[PDB]
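As they're listed, the protein sequences go chains L and K. First residue of the first sequence: 89, per the authors' numbering; consecutive thereafter. First residue of the second sequence: 73, per the authors' numbering; consecutive thereafter. Every residue gets a Cβ at the ideal spot worked out from N, C-alpha and C, and that includes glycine.
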Amino acid sequence: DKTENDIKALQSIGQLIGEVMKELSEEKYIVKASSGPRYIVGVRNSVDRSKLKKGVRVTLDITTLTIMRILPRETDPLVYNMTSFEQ
Amino acid sequence: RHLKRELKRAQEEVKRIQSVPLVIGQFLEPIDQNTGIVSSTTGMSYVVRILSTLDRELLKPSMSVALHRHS
């Protein structure tokens with residue numbers, strides 16, 4: 089099972105994060121990526137319109153660029169080092 | 073009647089291209105009215121076809137514009 093779980097991750101692919109910059113139309117969303125350049129991208133029926141608001145991180149695929157799911161916010165690798173000072 | 077059925081199909085073709093995946097550019101200025109200039113948001117400049125059956129009166133002043141990513 090330790091290697092079966094690795095198979096399942098391996099035959100999958102990564103996601104590339106964006107956030108909803110501006111709603112354009114029903115099935116078209118404008119995002120500004122965390123890597124930069126803005127796109128227009130689509131949605132599956134794996135997400136709702138009432139479940140998206142702006143500044144909410146969204147997944148995209150790196151082979152079709154379509155949102156499948158809602159993603160929690162991000163927060164610096166740097167600011168986690170500050171919470172580890174308490175001594 | 074045949075030619076009208078092939079038009080509905082002709083446009084259907086191009087609509088597949090119209091929908092996503094896309095990248096977002098910015099229109100600078102025309103160079104004809106069938107060719108225009110855009111700077112993509114990868115910071116690269118392309119001379120591009122102006123698709124027909126689009127705006128040409130808010131397009132010619134500077135305004136956002138959608139471009140295809142593989143074409």
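Residue i, DSSP secondary structure in three states
{"i": "K/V92", "result": "coil"}
{"i": "K/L130", "result": "coil"}
{"i": "K/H140", "result": "strand"}
{"i": "K/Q98", "result": "strand"}
Cross-strand partners of residue i (DSSP beta bridge)
{"i": "K/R121", "result": "K/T107"}
{"i": "L/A121", "result": "L/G106"}
{"i": "L/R145", "result": "L/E107 and L/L159"}
{"i": "K/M116", "result": "K/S112"}
Cross-chain neighbours of residue i in chain B, by beta carbon under 9 angstroms
{"i": "K/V110", "result": "The displayed structure is made up of protein chains L and K, and chain B is not among them."}
Residue range of the beta strand (DSSP E) that includes residue i
{"i": "L/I128", "result": "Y127 to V131"}
Continuous alpha helix (DSSP H) stretch holding residue i: start and end
{"i": "residue 69 of chain L", "result": "Because chain L here runs from 89 to 175, residue 69 of chain L falls outside it and cannot be looked at."}
{"i": "L/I95", "result": "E92 to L98"}
Exercise for the section: Scan the region 148–171 of chain L for residues whose Cβ lies nearer than 8 angstroms to a Cβ of chain K and list them as they occur along the chain. Expected result: Per Cβ criterion, the list reads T152, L153 and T154.
Handout entry: Against chain K: residues of the region 126–139 of chain L by CB proximity under 8 angstroms
Key = Under the 8 angstroms Cβ criterion, the region 126–139 of chain L contributes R126, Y127, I128, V129 and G130.
Exercise for the section: Name, going along the chain, the residues of the region 105–134 of chain K whose beta-carbon falls closer than 7 angstroms to a beta-carbon of chain L. Expected result: Answer in chain order: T113 and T114.
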